[PDB]
Each structure stands twice: as structure tokens, then as C-alpha cells.
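> Handing you this structure, nothing more for now.
Computed from the coordinates by the stated procedures, all read-outs in this text should not be read as laboratory data. Cβ: placed from backbone, ideal geometry, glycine included. Neighbour counts: every protein chain shown.
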Amino acid sequence: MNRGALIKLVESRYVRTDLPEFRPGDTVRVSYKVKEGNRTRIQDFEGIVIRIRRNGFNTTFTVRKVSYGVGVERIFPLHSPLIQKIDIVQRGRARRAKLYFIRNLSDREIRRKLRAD
Amino acid sequence: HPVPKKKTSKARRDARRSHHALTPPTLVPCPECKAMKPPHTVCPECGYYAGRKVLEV
Amino acid sequence: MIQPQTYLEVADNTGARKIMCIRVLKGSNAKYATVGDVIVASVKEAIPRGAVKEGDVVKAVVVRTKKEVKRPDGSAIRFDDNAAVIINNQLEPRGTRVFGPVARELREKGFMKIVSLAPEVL
Amino acid sequence: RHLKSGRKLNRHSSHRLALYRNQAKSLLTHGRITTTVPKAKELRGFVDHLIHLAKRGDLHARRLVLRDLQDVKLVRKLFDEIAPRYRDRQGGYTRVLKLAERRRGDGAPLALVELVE
Amino acid sequence: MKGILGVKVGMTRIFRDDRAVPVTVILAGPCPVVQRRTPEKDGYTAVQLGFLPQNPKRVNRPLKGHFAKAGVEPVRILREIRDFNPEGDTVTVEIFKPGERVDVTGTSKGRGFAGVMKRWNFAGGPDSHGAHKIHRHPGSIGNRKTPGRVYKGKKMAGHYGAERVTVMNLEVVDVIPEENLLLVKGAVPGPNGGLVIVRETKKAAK
RNA sequence: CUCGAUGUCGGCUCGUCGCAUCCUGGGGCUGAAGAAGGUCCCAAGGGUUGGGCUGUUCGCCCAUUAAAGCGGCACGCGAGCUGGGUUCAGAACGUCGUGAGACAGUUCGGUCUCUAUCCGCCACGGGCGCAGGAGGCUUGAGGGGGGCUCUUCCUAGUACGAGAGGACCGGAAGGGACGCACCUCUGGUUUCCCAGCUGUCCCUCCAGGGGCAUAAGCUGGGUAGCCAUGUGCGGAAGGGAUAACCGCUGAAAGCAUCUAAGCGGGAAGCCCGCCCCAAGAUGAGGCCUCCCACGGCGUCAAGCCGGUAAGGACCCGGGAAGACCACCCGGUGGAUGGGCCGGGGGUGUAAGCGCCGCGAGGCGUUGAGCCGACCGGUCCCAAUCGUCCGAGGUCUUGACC
């Protein structure tokens, strides 16, 4: 019973699936739109593209910093169910080894290297 | 560096040695033969509860 | 994420996108040039011409790197540390500047100009 | 800091694994062996999992625990010698049990523990 | 205004248009195990239990203390004053309405025995120009002829975990009437999967 | 007193009281319009930042700040550090000296020990007791913890106002500092969780592994626990007495006065309200349930033995509780551990055979493989068997049967 049980439950309650979207993939830079908004309920299907970085897993989870070269390096981290989300579509490839936090990217990247993977 | 001052008599020495004190050893009889057995154990005789597997040679 | 003494980045009319702040402009007990805050500093880095100089202003907090945790559980981090220089009132320093969007900023609000100003990629 | 603690052991992880093994081995040899209180306890947990693969029974499994004990004689010795004998129960193939005395000089409480027939 | 509970675990949730985090309160439902009538204990109040751990295990006394107004077969019990029992059995399946403010407490997870380091704030001493104590150690303790000795009540090393305590206001967030559970966004006062209680006081004028 | 011995500076760390109170408020006063100053009496509540240079505390300077106080305790702190210091020999010169040597002129280095006995503080236990013997729930006299404050915004520029200038009532909002808990989330760890790697001796050559390459060789990530830089919360109300200071009713001073008389106003302070201890408060125990008034002994039986498993202790086995200990749940009519199993979350597609390349390896079966503390199943194993102690429960008075 206990924890596992009851809790599993309440969450199931609220989050339900984070909106069946189960497209994780390690690599894949990809793109989405979160409601993220302010100013006159300007909740905007805002879409950021980002090279897939990491994640938290259980009730509460999060599609991690996918780093995005904006013109400086900006990495974007976002909670998974987090009703906050609407569109979440992949573009990139779910490839590469050593598993996540492979910031190798954000760090010494270098477009070339980037592609080097 | 900090050698006390004297010794509050055997008196004290005791106070201490005293609360100290030496208790005794737990025991009942062999679930098998006789003598003293501390809770879960066997010995140079009975030696078991399900297969002496012990004693005599 | 924060700092007192600091080698920070900017990109306004900068002498150099870098100045060292003393501390936080908030509630007398600084300890955090924090995201979306306002604080104190002088220049560290050079400055071709520019009316900027090797002085000291105060201004407002951009980027950080160690958790931009928002109200909506919006989350982010840029491998960059920089804010925009202020002229008194706050009224920003330069005509433009190299950087972009995201809540925290506008949210602090007082600086809409920065707001519309740094938009696109970079 | 410390309190809520799992897998509880002494000496040094290398020393330990060292033992766990050496012992797991010697027992495998004799069915039953004599050592100190937890020596047994944990040794149980371990030689324990080993017999678990002993059972596993297959080219791979074999490959593994061998990975750990290093040496055919036993390798097979267990894997087929008794692994069958057990393959059918629900683990706990360990019988850890408190002897009659305590080693000298100290009074270190000891016992015999073995494959539980 | 009081709930008796088996504190579950802490977890995150969402509200309005934003996530935030809560905690899992669970309580079958204590019952009038004992009443201090006032003429009884002019410190008038209600004592209750809220579960049941094995019956084959149970002192006679317990058996009949229960006998009293007779109720069930548990062991979790305690008391609180100035709280009527407009019932003779309570659950919370409503007992505790959400969108309300609460106060609550519980057992306090059990620390260890760490000095100036733990126990109190300020992490020890310093480290380098001095290492015959490297980084931290005990502050100072009194003096020559001031009081002429060693003080009597400043913080101190050691055991500072095996105790109990509570938290002031917190939010009632949500009510799950079935599995007698409630999410409250709380300082998980003390462990979880263990013991706690809630009470509500706050004539607080903002 | 001290030379059978009292470590002097500066600083550190933990500070403790004090008011001639700095910020706080309460105030009468103004040369007080507002605002803002400034002028005294009341009141320590909390609070009473960073750096710079200087061995200097003082100090001067940078930036803020509500504010960034004076000082008591051998200018608190060596049995708790530090030791630049000035003050053992060096050597330095600058300076006296006929020179030996010297200068509270200076400058470079310059061997600070500490196994606690006492009373004292921090904790945790063993007694023996608060006259039945018991399992458990309480109420607190009395003691402890925290009581700050910004700036903005709310009523704000109608108070003042010729005009230039600025609101009490009061009301918000967030923040800093700080105290109390706590991991979901955020990030930190994770000596074995997983994964990659060189060198090397070993297995059996090949792979597939194995110890050593510092108490894990290297590296990249990594639960769970513990933990900030992450999260909730808190510093309230509000009740009653009052400080300065304001008044009512009223004489003695046949007009007057707050003034002994009698009544009221009033401070972030005092008692409470807030949490945390607590009858070893011998002045409780109050209530609940329950075994029997337990059984034998020289009357005074407040001694013995069984009495009760009334209950508990012992040993065992388990615990975010934990040095030991006591606390806490359990012992097989159980799930308590470990085991196993299902599952989470970890690693990042194994081992082999198979498919393209002279080869390097590449692709397939593979997101496989292998896994420690996290939810929980199932007696697979080990919680067997036993033992001992524990009413006939203070004195006293009154009442009933």
C-alpha cells in the first residue's frame, strides 16, 4: 500500500498522462510551445527549439535543458506534465551514447563538434 | 596537563566503579538436552532444534 | 547565479560588456546580484571610444546560470551572466544590445524598453 | 547526515567484496562454514545472490558470477552440483546460525552458516 | 478543528494556472476513545485513535479502556482540549474542507550529535592560517571573573534529532474523501510514512 | 593580593549585561503649515551590512542602509584557535658611543604543550522515590524559543498651501536579514550503481572478466538517504495592567488645578495569546482500563514465597530513534529482517551469434544488459525452545456499606 499506492494515485488524479507525448529520445533537438504567458493573459504557444539534454522521472518529471544557440548559449529546462505545455514535437534524432547531461554540447560544443556527436 | 586535585576518597572512586557494577549471563535449558543455552544457540551436546549437526567426535 | 564582487557581462552601450558590481541594490543586506534584480558597479573591461567610460552605474539583472525558477514552473538557464546598465531612473543605457526574451525580465517589468529591445536569436 | 542507512558493512569496500567472495567460495566448498556474527549475516546476503545465479543457470549467468569468483572447479561445481538442488525454492538459500561460543582474546561471537538444506 | 494522522509522503502538484508542491496526509478516522467531560477533566476535550495494529497483540487494559464506550481494534492514540465531538467517530471525508488554512505538526526526524557545526548555525570556525582544528570547531564559553566561570545555556553539540515539533500556518489545498487523504503543501514536519497531526488556529488579522 | 608565577596587543569564534537609544516607537516643543528637520522625558524590543589601506581596535575612503550606537566582563575569551605584533641571540642601516654596546628609529626571519579530577554547561541513561500492583491519555503553576524592517504601492500630492512645498487615520504589495521544519521541485553528493579508458601481472591464447595502478587508478552521468544555492512557514492578532505625555469629576488654595479622593486616554515594552520543555513542581499526579485486594509466614505479617503474562523485563530480530543506553515495532497464530518477485529510478543497448569493411570497427537480435538504501507482494531463510521479576499499591482524616 502506502506511498507507492496512495500517492501514485493522487497524482494520476491531477497530471493524468502529462498528455501522452512519450517522445523522449536522448538526442533530438526538437521544438514546442508552452502556454508560458503574462501581460493580458498572453499565454503564448511559445515554441523553443532545443537540443535535448536531460530529465526528471516520476509524477513530476521534466524535459530538460535542451540547449539552444540563440546568439549566446541559452539552455531551456521544462517540467513534463506541467499543464504548462501544449505543442511538443520532435525534429531531431534520438541518437548518441553516454547518456544525458552530455552538456559536452553547451560547453565546448563548436557547431562542427556538435554535428560530430 | 590537567591532573585533578586529590581523589574525593575511595568514596568517589566507588561512586564511579559503583554505578559501574557487573551484571550476569542470560540462559535457559537446551531445547534438546539440558544445561544452559542462551537464546538462539546449540552446543557441545544437543546442538540443534532441527539437526544437531554438532557435537561428539 | 549571484555574486557580490563581480565580473559580469552586459552589452548595452557598454565600455565593455563587463563591469564589476559591488553588491545588490535591494534590502540592505545584499549577497545576491540575482536574476532580474538591480545593483551596483564600475567597469572592468575596456571601451573603444563610446561615451560610456570607466565609471560606475547601477542596473538590472539578466541571465545567471544556476536556476531561473519561475512562478509557472517555467524553467531555464543560459551559460551566460549579464544585465543591462542603467542611467538613474533605471532608464537603460544604450540604443540597443545583444540578447533576448523570457519572463523574468519583463516580469520584473520596469524596463519594457529592454523588453521589446532585445528580442531575436541571440 | 547519517542514520537512514542500507547495506551495512565494515573494513573497506575492496576488502569487503574481497571477503564476501573468498568466503562465498569456501562455503560453496563446504556447504557450511564458521565465522563471526555478521560475517555470516551479510555473507548470507551475498553468497546468497551468487547461488541465485547458480540457479539462473545459463551460459550468461555463469559468465557473470564467475566474473566474481574466478575458477571453474567451483564455477560448475555450484552451477550444476547444487544449483539444481536448489532451483525451485524462493531464495533465502542461506542458513545463518549462532554457535556456542566466542573466539578467544576477545569473545567475538561466532557461528556457522551454510546452504540451507 | 483538528485532524489525526499518519503522515504519508511529500510530492508536487499543480493548482490554478501554475504548479507548486504538496504533501500527503492520510487518516482513516479516529474516534471518541476517551472524553474529558470537563466535570471529568475540566480541561475538557477529545482523545482518539486512528487505525489498528494487530489484535492478537493487545494488553487487557487496552482491551477494556476501549470497552469504555467501546470502539475498535488499534493503537494509535492521543488527545486535544477545547474540541467538541459533534460525533462519536470522525474521518475528515469532510472533516477537513479544502481551500482553508491550517496549522499542523508532527514527530521531528532524528538528527545526530554535531556541534557548533550542526546543532546551531554558523558553520564552525575557519581554515588555513590555522589547521590545528582545520575549518570548524566549538566557539567560546565564558570567562575569568566575569561570571567567573563557564556559562549555562548557549547552544551545544550533539543529539539534536530525536525530538518533536510543529509548523504554523499551511494550506489545506485538497481533499480526497475516499482514501481518507489530503494534499496540503507542507513543511513535511518530521518524517513521512509516520506520525503527525493537524489543528487550526489563527485569528490572524493579516 | 601576585615575582614557587596572573599570557600583555590585533583578530578570530561563541558572546553576555548596560543605557547617558543609533534605527526603532510614545511622546509634549518649535523660530511646528506640509513634508522634512531640529529640542528634551519615557521605553532596550529586534535590529544595530560589504570592501579598501593600514598587524593597528581608531581612523580616513568606496557602495549602500531604516540604521549602519557608546560601553561594561583583566581593554571576555591559550586549558578555544590565531599569533603580523611590540619584547631573547641574528643581520640591516639610519643614530649615540673613544667602542665594547646601545635607540619606545626602523626594517627581514623569530621552536604557543595541553590524555578533564572537582563545581559549571550539553546530552543521554542507570536509582529510588511522589505508601495497592498495573497499560495508556492528559493539565499545566514554572521554565525555554521568536518578537526587525525596508521600499514601492493602495487613501497621495484635497492636510499646509498666495505660490515654490508636503498628509496624519489608515491601507496595501513584494523584498532583505533571520529562526523552524522539509525534498516534491531546483541543484550537491552517491568508495561500487551503471557506463567509457591507458598500463599491467593473472585466468585458460581470442574475445570475457580479474586484482594494481592513494583508504574507488581515470573519466561521465547517477537515485535513495543526508543536504543549499531549492520548498512550506514564522515574526499576528488580539486581551488586561502602564512609561513620558493627555484628560474627567473635585476640594484643601468660598475663582482656578488631572489631583491625595474616585474615573478614563496611552506606548513595537510588562502578564497572557504564539510554539518547546515540565510533579524528582516529594505540593497533584487528574482521567481512563485492569489483576486481584495475591499467597505464606510470631499482631504490629510496611518481611518471605507463588501469586496475575494484570504487566512487563530478559534474548532474538528489525528501526530516518540511535556513541553505549533508554525511545520504537515486531518474534513465526508473523511480514521483522535478509531472499526472492513484481515494480519505480538509475545506467546506456550487454554476453553471443548473426549480417558490410583487407582492417579499424559498423549494423542486427537491444533503448538490451545490470543494478544499494525507494512502493509494495510472497513464511524461500532466520525471528524455536525458554527465563525472571514483578498487588495484596504512603500517612491522615472524614463519609458511606
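> Among (1) more than 12 Å from chain C (Cβ to nearest Cβ); (2) farther than 30 Å from residue E:184 by Cα; (3) within 15 Å of RNA strand F (Cβ to nearest atom), there is one condition residue A:110 misses while meeting the rest; what is its number?
Only one criterion in (1) more than 12 Å from chain C (Cβ to nearest Cβ); (2) farther than 30 Å from residue E:184 by Cα; (3) within 15 Å of RNA strand F (Cβ to nearest atom) is unmet by residue A:110, namely (3).
> Give region A:51-67 a look and list any residue that's more than 10 Å from every other protein chain (Cβ to nearest Cβ) and among the charged types (D, E, K, R), or say none.
Of everything in region A:51-67, those that are more than 10 Å from every other protein chain (Cβ to nearest Cβ) and among the charged types (D, E, K, R) turn out to be A:51, A:53, A:54.
> Can we say residue E:194 is among the small types (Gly, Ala, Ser), within 7 Å of RNA strand F (Cβ to nearest atom) and closer than 30 Å to residue A:13 by Cβ?
Yes; evaluated as a whole, the condition is true for this residue.
> Among residues belonging to region E:52-85 that are among the charged types (D, E, K, R), free of Cβ contacts under 8 Å to residues at least 40 places away in the same chain and part of a loop (DSSP other than H, G, I, E, B), point out the one that is nearest to residue E:38 (Cα to Cα).
Residue satisfying both the conditions and the ranking: E:82.
> If residue A:59 satisfies all but one of (1) surrounded by 17 or more Cβ atoms within 10 Å (Cβ to Cβ); (2) touching a helix residue (DSSP H, G or I) at 6+ places or on another chain (Cβ under 7 Å); (3) farther than 20 Å from residue E:9 by Cβ, what's the number of the condition it fails?
That leaves (3) as the condition not met.
> Still on this structure, I have one more. Do we have any residue at all in region C:6-14 that's within 11 Å of RNA strand F (Cβ to nearest atom), crowded, with 16+ Cβ neighbours inside 10 Å and not aromatic (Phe, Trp, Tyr)? Reasoning before the result, please.
Keep residues of region C:6-14 that are within 11 Å of RNA strand F (Cβ to nearest atom), which gives none.
No, there is no match, as no residue in region C:6-14 is within 11 Å of RNA strand F (Cβ to nearest atom), crowded, with 16+ Cβ neighbours inside 10 Å and not aromatic (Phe, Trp, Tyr).
> Answer yes if at least one residue in region C:29-46 is hydroxyl-bearing (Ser, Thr, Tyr), surrounded by fewer than 20 Cβ atoms within 10 Å (Cβ to Cβ) and within 14 Å of chain A (Cβ to nearest Cβ), and no otherwise.
Scanning region C:29-46, I find no residue that is hydroxyl-bearing (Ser, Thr, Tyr), surrounded by fewer than 20 Cβ atoms within 10 Å (Cβ to Cβ) and within 14 Å of chain A (Cβ to nearest Cβ), so the answer is no.
> Return the residues of region E:75-99 that are under 17 Å from residue E:23 (Cβ atoms) and under 19 Å from the mean Cα position of the chain (by Cα); say none if nothing qualifies.
E:92, E:96
> Among all residue pairs at least 6 apart or on different chains, which show Cβ distances below 6 Å where the first residue, located in region B:44-57, is acidic (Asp, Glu) and the second is surrounded by 12 or more Cβ atoms within 10 Å (Cβ to Cβ)?
So the pair list comes out as B:45/B:33; B:45/B:55.
> Just to be sure before I move on: is residue A:47 away from RNA strand F (no atom under 15 Å from the Cβ) and facing another protein chain (nearest Cβ under 10 Å) in the structure I sent?
Considered against the rule, which asks whether it is away from RNA strand F (no atom under 15 Å from the Cβ) and facing another protein chain (nearest Cβ under 10 Å), residue A:47 comes out as no.
> Now, a different point. Looking only at residues in region E:25-54 that are among the polar types (S, T, N, Q) and under 16 Å from residue E:2 (Cα atoms), which one is nearest to RNA strand F (Cβ to nearest atom)?
Among those residues, the one meeting the criterion is E:45.
> Same structure again: Residue check: is residue C:64 within 15 Å of RNA strand F (Cβ to nearest atom) and either in contact (Cβ under 8 Å) with a residue 60 or more places away in the chain or β-branched (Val, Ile, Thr) (or both)?
Yes; evaluated as a whole, the condition is true for this residue.
> Failed condition for residue C:94, given (1) of a type in the set (D, E, K, R); (2) away from RNA strand F (no atom under 12 Å from the Cβ); (3) crowded, with 20+ Cβ neighbours inside 10 Å, with all others met?
(3)
> Quick check on region A:72-83. Is at least one of its residues closer than 30 Å to residue E:27 by Cα and of a type outside the set (A, V, I, L, M, F, W, C)?
Residues of region A:72-83 closer than 30 Å to residue E:27 by Cα: A:81-83.
Now restrict to residues that are of a type outside the set (A, V, I, L, M, F, W, C): A:81.
Among the residues of region A:72-83, at least one is closer than 30 Å to residue E:27 by Cα and of a type outside the set (A, V, I, L, M, F, W, C), which makes the answer yes.
> While we're on this one: Report, by residue number, each residue of region E:15-24 that is touching a residue at least 24 places away in the same chain (Cβ under 8 Å) and away from RNA strand F (no atom under 11 Å from the Cβ).
E:15
> Another question about this same structure. Pick out the one residue from C:18, C:70, C:26 that is within 18 Å of residue C:2 (Cβ to Cβ), of a type in the set (D, E, K, R) and without any contact (Cβ under 8 Å) to a residue 24 or more places away in the chain.
Being within 18 Å of residue C:2 (Cβ to Cβ), of a type in the set (D, E, K, R) and without any contact (Cβ under 8 Å) to a residue 24 or more places away in the chain holds for just one of C:18, C:70, C:26, which is C:26.
> Follow-up. If a residue has to be exposed (fewer than 13 other Cβ atoms within 10 Å of the Cβ), near RNA strand F (Cβ under 8 Å from one of its atoms) and not in a loop (DSSP other than H, G, I, E, B) to count, how many in region B:16-57 make the cut?
4
> Next question. Examine region E:110-121 for a residue that is touching an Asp or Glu at 6+ places or on another chain (Cβ under 9 Å), loosely packed, with under 12 Cβ neighbours inside 10 Å and in contact (Cβ under 8 Å) with a residue 24 or more places away in the chain, and state whether such a residue exists. Before you say what the answer is, go through the steps one by one.
Residues of region E:110-121 that are touching an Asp or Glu at 6+ places or on another chain (Cβ under 9 Å), as a first pass: E:110-111.
Cutting the leftovers down to loosely packed, with under 12 Cβ neighbours inside 10 Å gives us none.
For region E:110-121, residues touching an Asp or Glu at 6+ places or on another chain (Cβ under 9 Å), loosely packed, with under 12 Cβ neighbours inside 10 Å and in contact (Cβ under 8 Å) with a residue 24 or more places away in the chain: absent.
> Scanning for something at negative phi, without any contact (Cβ under 8 Å) to a residue 24 or more places away in the chain, within 14 Å of chain C (Cβ to nearest Cβ) and surrounded by 15 or more Cβ atoms within 10 Å (Cβ to Cβ), does region A:5-13 turn up at least one residue?
Scanning region A:5-13, I find no residue that is at negative phi, without any contact (Cβ under 8 Å) to a residue 24 or more places away in the chain, within 14 Å of chain C (Cβ to nearest Cβ) and surrounded by 15 or more Cβ atoms within 10 Å (Cβ to Cβ), so the answer is no.
> Name every residue in region D:1-60 that is closer than 26 Å to residue D:88 by Cα, within 14 Å of another protein chain (Cβ to nearest Cβ) and more than 7 Å from RNA strand F (Cβ to nearest atom), in order of residue number.
D:30, D:31, D:32, D:33, D:40
> Kindly establish whether residue D:89 is away from chain B (no Cβ under 11 Å) and within 11 Å of RNA strand F (Cβ to nearest atom).
yes
> What number of residues within region E:186-202 satisfy the criterion of being closer than 18 Å to residue E:9 by Cβ and either more than 13 Å from every other protein chain (Cβ to nearest Cβ) or acidic (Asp, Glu) (or both)?
8
> Inside region C:29-50, can you point out the residues that are within 10 Å of RNA strand F (Cβ to nearest atom), part of a loop (DSSP other than H, G, I, E, B) and at negative phi?
Matches in region C:29-50: C:30, C:32, C:34, C:37.
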